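In: before the rest arrives, take these chains from my complex:
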Amino acid sequence: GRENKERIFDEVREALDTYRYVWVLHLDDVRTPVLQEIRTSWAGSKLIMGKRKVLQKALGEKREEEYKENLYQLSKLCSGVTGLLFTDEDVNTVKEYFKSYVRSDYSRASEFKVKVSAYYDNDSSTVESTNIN
Amino acid sequence: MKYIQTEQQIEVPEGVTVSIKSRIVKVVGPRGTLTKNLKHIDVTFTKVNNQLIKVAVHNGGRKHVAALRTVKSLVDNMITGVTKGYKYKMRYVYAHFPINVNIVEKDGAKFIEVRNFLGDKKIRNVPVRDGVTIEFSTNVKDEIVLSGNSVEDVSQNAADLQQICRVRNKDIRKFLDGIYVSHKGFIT
Amino acid sequence: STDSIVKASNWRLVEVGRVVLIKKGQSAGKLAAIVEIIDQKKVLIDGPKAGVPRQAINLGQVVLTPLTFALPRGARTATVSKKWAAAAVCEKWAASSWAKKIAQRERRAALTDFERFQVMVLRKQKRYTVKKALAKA
């Protein structure tokens, strides 16, 4: 319902101070047992998904209002169905991980691979963009 | 509630041209021409620019507005019937008696002849309409293909051809002899 | 020859600034402009220069004329009288062949019997030129 949208609006906000890195992932064709082992292999990470126009507004789609600073740039970088991830151990590890990460999927025998596009650091307050396939 | 005006939009691609005097519709294009008589539906057609044509009903009731959408759907089948063209493929399920289906001609009348249906000596004749070409499936077993420009010429001739083979005084769960429409597709 | 030959079927349509002619009632043949539409059947009309008072009327009692001009919706009478003169619709009314026909049957009502006799003598002299101009081609 709508109260799920007002819920997920909040835990996007309060995730910003607890974890220093903000990672957003483009993932179109995934499986739920594929997702749950992305979850359970990252116990330090807190992974919360949701609808885009909620996740845009929870990051703030305008440049005027925001929870922490330099926050609006990273929200515009995402186009498709996204799921956020919050870890703090290393910047080198996670971008190594989902390049190394691969499974198989449907043709619709064909490989499956989730990929990242935008990175952020809270205490540094700077927005990074990359393209790894 | 007496809607003040409603309207729809008819998309016209590049290859085809339409010509509309009062409610007579002529659609000309690559595969051929089709016509339709719409004197009864009480609408107003209007060109804006060479690809889009707005239909319109001013001050109409709900029975009048509901028939404004079906003017869209009847002219749009005239458009796809001339660019793409309509093509049905029917298959005929037989249990013990194979069915011999051919096309015979009696004074140019193009009759489809269903023989030996369920072991009957009766010879049935279903006339081919104007603007529908029936051919039999090369190198695929048990298939009859109806193709033409108009939907109402093709689909009625597909519906005529199944009801001539209807089973009487028998149970239908055991007896499945008959001709059926596999699917309704396009030419190109 | 690769165009859509769809006919126009042009119509007079009620709108703000559509000038009308009132056929029956107290007005009886005076111009007026539609100020504001109310619903399917009732409109709010006024003509200041003609002299019809501002009032709300049904569209049974009026007939639409093909002349128009621009007028903002909800305009008052003093606003209309300036737009009325600036478009010069009163001059543009008399240019039509339909305003001539009204004055034509009007003038035939007010003929003196001696004036009606002069129409006879002149229509005799007119046809004698016509019958010679005809039957030479």
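Out: Happy to help now that I have it. Numbers count the residues shown, from 1 in each chain, chains lettered A, B, ... in the order given.

In: show me which residues of chain C are close to chain B?
Out: Residues of chain C lying near chain B by Cβ under 8 Å from any Cβ of the partner chain: C:2-9, C:40. (C-beta placed from N, C-alpha, C; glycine too.)

In: and if we set it to 6 Å?
Out: C:2, C:4-6 (Cβ under 6 Å from any Cβ of the partner chain).

In: which one of the residues you listed is nearest residue A:54?
Out: residue C:4 (46.3 Å; Cβ to Cβ).

In: following the longest helix anywhere in chain B in sequence, what is the next regular element?
Out: In chain B, with assignment by DSSP state H, the single longest helix is helix B:62-83. With elements assigned by DSSP states H and E, the helix or strand that comes after helix B:62-83 is strand B:86-93.

In: which residues does that following strand contact?
Out: B:99, B:142-147, B:151, B:154, B:158, B:176, B:179, B:181-182, B:184-185, B:187 (Cβ atoms under 6 Å, 6 or more residues apart in numbering or on different chains).

In: before we move on, back to that, in PyMOL, how would I select the buried members of the residues of chain C next to chain B?
Out: In PyMOL syntax, the buried subset of those is picked out as below (16 or more other Cβ atoms under 10 Å in any protein chain shown):
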select buried, chain C and resi 4+6
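
In: okay, chain D goes in next:
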Amino acid sequence: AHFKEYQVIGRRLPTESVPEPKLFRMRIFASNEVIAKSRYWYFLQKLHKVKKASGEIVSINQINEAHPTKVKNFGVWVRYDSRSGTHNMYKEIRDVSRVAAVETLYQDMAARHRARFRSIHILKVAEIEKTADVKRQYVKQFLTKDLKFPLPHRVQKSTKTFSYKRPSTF
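Out: Alright, chain D goes in next:
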């Protein structure tokens, strides 16, 4: 008939030990002066204890419209007695003056719901000041900008029983 909105003021009775009864006024839509005095004691009996013999009418005043030529959107609340038990109704009318909208409401209830004059109680008629809160739809479709619509298929009222033109429409 053509209704006229009136203001009727009532004062029970100046009696001994109670001078100055309080006062009461109402706004009454009626055809003439004689009905609206009698229609005043209809409602005002239901609200507290007076009668026509126990009461008297102070003054009646005809309320003309504050702005006739301005076109208004009107919301009306209606309590009418159907064949079953009575119930509320809210309708919206786009018309010219206050007393002309009640004219087109009694036609509207009689046509659609078959309610006579004696069943309907006009609760309150109020002017909707700003638009875009017009709740109903049939009032709302006339509020779009630059509204234009034709009148197709017009008839012509012929005075003679015969006409030689083979007449055509618009």
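
In: the contacts of strand B:86-93 again, this time with chain D added?
Out: With Cβ under 6 Å, 6+ apart as the criterion, strand B:86-93 contacts B:99, B:142-147, B:151, B:154, B:158, B:176, B:179, B:181-182, B:184-185, B:187.

In: are any of those buried, and which?
Out: Using 16+ other Cβ under 10 Å as the burial test, the contacts of strand B:86-93 include B:99, B:144-147, B:151, B:154, B:158, B:179 as buried.

In: and the longest helix seen in chain C, how far out from the chain's middle?
Out: Longest helix in chain C by number of residues, with DSSP H as the criterion: helix C:113-133. Centre-to-centre, helix C:113-133 and its host chain are 30 Å apart (Cα atoms, centre = their mean, to the nearest Å).

In: what's the answer for stretch C:72-88, then?
Out: Centroid separation between stretch C:72-88 and its chain, computed with Cα atoms, centre = their mean, is 18 Å.

In: using CSV, write down the CA coordinates of that stretch.
Out: C-alpha atoms of stretch C:72-88 as CSV (Å, rounded to 0.1, in the frame of the first residue of the first chain):
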residue,chain,number,x,y,z
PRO,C,72,-12.8,38.3,-23.9
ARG,C,73,-15.3,36.0,-22.1
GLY,C,74,-17.3,37.7,-19.4
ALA,C,75,-17.0,41.2,-20.8
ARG,C,76,-19.2,43.9,-19.6
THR,C,77,-21.4,46.1,-21.8
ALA,C,78,-18.9,49.1,-22.0
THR,C,79,-16.2,46.6,-23.0
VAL,C,80,-18.3,45.1,-25.7
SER,C,81,-19.3,48.5,-27.3
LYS,C,82,-15.7,49.3,-28.0
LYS,C,83,-14.9,45.8,-29.5
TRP,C,84,-18.2,46.1,-31.5
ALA,C,85,-17.2,49.4,-33.2
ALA,C,86,-13.5,48.3,-33.7
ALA,C,87,-14.5,45.3,-35.7
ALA,C,88,-17.1,47.4,-37.6
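
In: RNA strand E next, sequence below:
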RNA sequence: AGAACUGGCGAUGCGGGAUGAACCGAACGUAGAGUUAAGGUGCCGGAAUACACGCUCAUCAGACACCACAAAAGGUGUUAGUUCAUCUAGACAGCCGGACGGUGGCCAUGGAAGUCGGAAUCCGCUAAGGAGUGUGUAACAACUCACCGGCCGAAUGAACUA
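Out: Below is RNA strand E, added to the chains above:
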């Protein structure tokens, strides 16, 4: 079948209800003129094919008191309504991408794993996914929705009243 009060008919014509002892109007000398009652004004049939706002389309319409028949119950036919909810931080419909793990919980056993049968009934991960709606395989496999997202661009859904 038998009483109460009042008006009638019998004892009474005249206009109206096509027709009718009792209903509506009105009670009578003989004539002219004017105006009305009840009832009427497409035509028979004297009189507006008047004006105005709407509703209704019946493969048995409906048409004016007494009066010459109709009920309970039904109908996404149609026009109005009331009460609740959902939405422009994107609804309902349509397609398109997910739909999971503990755990085949157990009782049935010739064979059901959410599902031919049956007492029962939770957590984990979770945007979300029901010890689960059905198509059905002896049983598996396999599919869908309801639970969610992306394209998609304005209102919609449910229960009731007349």
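
In: can you check the contacts of strand B:86-93 again with RNA strand E included?
Out: Contacts for strand B:86-93 (Cβ under 6 Å, 6+ apart): B:99, B:142-147, B:151, B:154, B:158, B:176, B:179, B:181-182, B:184-185, B:187.

In: cool, and stretch C:20-34?
Out: The contact list for stretch C:20-34, computed with Cβ under 6 Å, 6+ apart, reads C:18-19, C:43, C:45, C:47, C:50, C:52, C:61-65.

In: between the residues you listed, which sits nearest residue B:103?
Out: Nearest to residue B:103 among those is residue C:64, at 60.9 Å by Cβ to Cβ.

In: hang on, the closest one packs against residue C:15?
Out: No: judged on Cβ atoms under 6 Å, residue C:64 makes no contact with residue C:15 at a distance of 9.9 Å.

In: picking that back up, the longest helix of chain B near RNA strand E anywhere?
Out: Yes: using Cβ under 7 Å from any atom of the strand, helix B:62-83 reaches RNA strand E at B:62-63.

In: buried set for that helix?
Out: Buried residues in helix B:62-83, counted by 16+ other Cβ under 10 Å: B:64, B:68, B:71-72, B:75, B:77-79, B:81-83.

In: still on that earlier bit, buried ones in the longest helix of chain C?
Out: Per 16+ other Cβ under 10 Å, helix C:113-133 contains no buried residues.

In: hey, where'd the strands end up in chain B?
Out: Here chain B has its strands, by DSSP state E, at B:3-11, B:17-21, B:24-28, B:33-37, B:44-47, B:52-60, B:86-93, B:100-104, B:111-115, B:124-127, B:132-136, B:144-148, B:178-186.
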